[PDB]
Amino acid sequence: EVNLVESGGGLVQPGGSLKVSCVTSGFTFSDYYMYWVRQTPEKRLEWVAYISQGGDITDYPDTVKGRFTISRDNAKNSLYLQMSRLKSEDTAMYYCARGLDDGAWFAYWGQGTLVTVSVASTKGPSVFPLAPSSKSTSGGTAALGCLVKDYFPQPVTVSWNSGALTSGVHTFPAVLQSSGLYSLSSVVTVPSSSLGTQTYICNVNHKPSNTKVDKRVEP
Amino acid sequence: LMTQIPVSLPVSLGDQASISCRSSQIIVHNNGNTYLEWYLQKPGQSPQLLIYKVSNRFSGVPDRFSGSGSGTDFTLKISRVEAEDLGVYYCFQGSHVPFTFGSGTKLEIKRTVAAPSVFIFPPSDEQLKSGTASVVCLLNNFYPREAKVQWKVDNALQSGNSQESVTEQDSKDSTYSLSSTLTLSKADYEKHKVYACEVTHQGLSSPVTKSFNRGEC
Ligand SMILES: COC(=O)CCCCCCCCO[C@@H]1O[C@H](CO)[C@@H](O[C@@H]2O[C@H](CO)[C@H](O)[C@H](O)[C@H]2O[C@@H]2O[C@@H](C)[C@@H](O)[C@@H](O)[C@@H]2O)[C@H](O[C@@H]2O[C@@H](C)[C@@H](O)[C@@H](O)[C@@H]2O)[C@H]1NC(C)=O
């Protein structure tokens, strides 16, 4: 099936440079105009650039004109976005998209790759637990989770029983604490009866610091 | 450019909804139709296409969605709002450079009032040893979004060591969840046995409180 995969972003400091890429699958890459779209933290959506099939025709909004450069390698069905002289405002989620011959811009979107632009320092998260000792057992269901404390930059991915616990999962969005550090909780509610047999573990992952932490939560 | 009104849109299931946009200038390309499109960004996902070229439904979009518009005003209409339709809608114009998006209209599903299941999670030793221990209070699956959370350490109103994390609406039942964390240093926390989290909600007549007894082992 058709899909796009962006990759290559992380923490870069102001004035620096980064090159995000996007890999095409499921369609004839060379037949389509490609796009680079971004969404800022305030969820504002902005168009970044486009490039013809040959690679000779491109354009960008003034806001990114001259610092950014879009390119594509038809040979490897990849699309690239060279970013230079990064500004903090450039901090966002970068998506690559494919349109329709018919007259549509973004019919297919990727997953996105988050580019953070600051003078801050990469720090791994401390995966703490939340113990449902007693003041939570309201009967035949209680809540529990792992508090992913102190980390930067975003993002941090959390999973339960490595994907073997979908429904019930409540992973809250990150909050930029005072320390300049993010923190978030991922709670889940489960039948008090499940405890013991149902081994519950949260697998945290903060790629930006190569932190791969697992934590078994229990009664 | 573009202007999208309304910002928020409370709608009941089955209801009809209308979101409109007005481009700064009459939007039309090589007369090759007006290239005005509508996107739906379901929560926690990338945006997706619904209608393009003012009214063409993209493949896979159900007919409850329709588009229209003239000169500078375009409207998206949902005849029967279903649960899956919650998220933020965006209009987009590709007839002129720069290609612009509308600021967005968040569609929230109006549901029957529900009470939050409050919970209190005291700090586990593993963070206590590290020093800073945080007590989290969970207000699970409620509606509306109006919820006040006050911290009562013994009986002190902590007007500082707390933060809030509110989720987006859940398509399974149209509820929200909220988490408030009282972040204390071993000492402050260690100094008091009981910690209370007081919840006040619309479906909550008598503001429920949630407290625990401090301990160690
Ligand atoms: C089903 O099979 C396929 O889809 C296989 C792919 C199609 C076969 C090869 C097609 C070769 C032609 O490719 C088209 O070139 C056009 C330019 O000549 C593109 O249109 C341009 O898109 C730019 C980026 O947004 C910008 O909007 C330009 O203004 C626009 O050109 C304008 O519109 C054209 C349709 C012409 O009328 C031209 O005179 C005019 O200047 C095509 O891009 C598609 O259409 C545009 C409107 C936009 O919706 C893009 O996202 C679409 O992809 C391009 N076709 C493709 C599939 O890329």
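Basis of the calculations
Position numbers follow the written sequence of each chain, starting from 1, instead of the entry's numbering, which may differ; residues with no coordinates are not represented. Labels are handed out in written order, letters beginning with A for the chains and numbers beginning with 1 for the ligands. Remark: hydrogens and water are excluded; side-chain values derive from all non-hydrogen atoms of the structure. Residues with missing side-chain atoms are left out of burial classes, side-chain pairs and their counts. In what follows, a contact means two residues having at least one pair of non-hydrogen atoms within 4.5 Å. Accessible-area loss on putting two parts together, using a 1.4 Å probe and summing over both, is the definition of buried area adopted here. Comment: elements are numbered from the N terminus, with helices defined as DSSP H or I runs of at least four residues and strands as E runs of at least two. Residues were grouped as follows: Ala, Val, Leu, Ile, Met, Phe, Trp, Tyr, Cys and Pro as nonpolar; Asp, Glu, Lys and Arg as charged; and all remaining residues, including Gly, as polar. Any two strands with at least two DSSP bridges between them are considered paired. A fitted line through C-alpha atoms serves as each axis, taken over the contacting stretch for helices, and the angle formed by two N-to-C directions is quoted from 0 to 180°. Residue ranges for the domains trace back to a domain assignment, done automatically or taken from a database. In the sections that follow, a salt bridge refers to a side-chain nitrogen of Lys or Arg positioned within 4 Å of a carboxyl oxygen of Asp or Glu. Whenever two N or O atoms come within 3.5 Å, that pair is a polar contact, provided that in protein one can donate a hydrogen and the other can accept it, and provided that, for residues adjacent in sequence, both atoms are side-chain atoms.

The record lists X-ray crystallography as the method behind this PDB entry and 2.5 Å as its resolution.

If you look chain B up in the PDB entry, it shows as IGG FAB (HUMAN IGG1, KAPPA) from Homo sapiens. Recorded in the entry header as its title is "IGG FAB (HUMAN IGG1, KAPPA) CHIMERIC FRAGMENT (CBR96) COMPLEXED WITH LEWIS Y NONOATE METHYL ESTER".

The name the PDB entry assigns to chain A is IGG FAB (HUMAN IGG1, KAPPA), from the organism Homo sapiens.

(A) Representation of the interface of chain B and chain A. With 47 residues of chain B in contact, the opposing surface of chain A contributes 43 residues. Taken over both partners, the interface formed by chain B and chain A buries close to 3800 Å², and the fraction arising from carbon and sulfur atoms is 63%. Among the residues chain B hides against chain A, the three largest losses belong to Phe 99, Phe 101 and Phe 121 of chain B. Together they make up 16% of the total. A total of five residues in the side of chain B that touches chain A trace back to one element, the largest contributor, which is strand 13 (residues 133-142) of chain B. Class assignment for the residues of the side of chain B that touches chain A results in 21 nonpolar, 20 polar and six charged.

(B) Looking closely at the sheet that holds strand 1 (residues 3-7) of chain A. Residues and elements named next belong to chain A. Pairing in this open sheet of four strands is antiparallel, and the strands run 1-3-8-7 from one edge to the other. Edge positions in the sheet fall to strand 1 and strand 7 (68-73), since each of these pairs with one other strand and no more. Across the sheet, the mean angle separating the axes of adjacent strands is 20 degrees when strand polarity is ignored. The pairing of strand 3 (residues 17-25) with strand 8 (residues 78-84) spans seven bridges and is classified as antiparallel. If you follow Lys 19 over to strand 8, its bridge partner there is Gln 82.

(C) Geometry of the sheet that holds strand 13 of chain B. Residues and elements named next belong to chain B. One open sheet holds the four strands; their spatial order is 12-13-17-16, and the pairing between them is antiparallel. Each end of this open sheet is capped by a strand with a single partner; those strands are strand 12 (117-121) and strand 16 (162-166). The mean inter-strand angle of the sheet, taken between neighbouring strand axes irrespective of direction, is 15 degrees. The pairing of strand 16 with strand 17 (residues 176-184) spans five bridges and is classified as antiparallel. In the strand pairing of strand 17, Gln 163 is matched with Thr 181.

(D) Spatial organisation of the domain arrangement of chain B. Residues and elements named next belong to chain B. Split by domain assignment, chain B resolves into domain 1 (1-111) and domain 2 (112-214). With centres defined by C-alpha atoms, the gap from domain 1 to domain 2 works out at 37 Å. Each partner contributes to the interface: domain 1 provides eight residues, whereas domain 2 provides 13 residues. For the pair domain 1 and domain 2, the summed buried area comes to about 990 Å², and 46% of that belongs to carbon and sulfur atoms. When the buried area of domain 1 at its contact with domain 2 is split by residue, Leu 86, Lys 106 and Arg 111 rank highest and sum to 63% of it. The interface formed by domain 1 and domain 2 holds zero salt bridges in total. Taken together, the connections running from domain 1 to domain 2 amount to three residue pairs in polar contact.

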